[PDB]
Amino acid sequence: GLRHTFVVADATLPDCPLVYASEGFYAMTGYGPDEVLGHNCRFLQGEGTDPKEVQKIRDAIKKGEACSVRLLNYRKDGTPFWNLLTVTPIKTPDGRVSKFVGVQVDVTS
């Protein structure tokens, strides 16, 4: 298949911190678990990140809906790369959102 990464966000906490990331996620971005875990994924964002696309993710999280955007992210070394992101809400049986799962694909080609 195509190369991709994977993270899990804990919705039971208010700002959706990351609680597990795939080895590809650390290797793609250059950040380590000690600088990724516990934090919201937005640290990957930067000057060229489109605020309208960011808005689409922020609303989907509030609304508990899946979303797919294309964002300009930045590695730890500041170099940019294009990240196609799909966020999926994971619900408990009672309809409540417990976790958000994100597949990140570098589509810089």
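For every residue, the number given is its place in the sequence shown, counted from 1.
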Segment of higher mean CA temperature factor, 58-66 or 77-85: 58-66
Would you determine, from the values in the PDB entry, which of 35-43 and 49-57 has the greater average C-alpha temperature factor? 49-57
Out of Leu13, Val97, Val101, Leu18, highest CA B-factor residue: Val97
Thinking about Cα B factors across the chain, which third does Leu72 belong to? highest
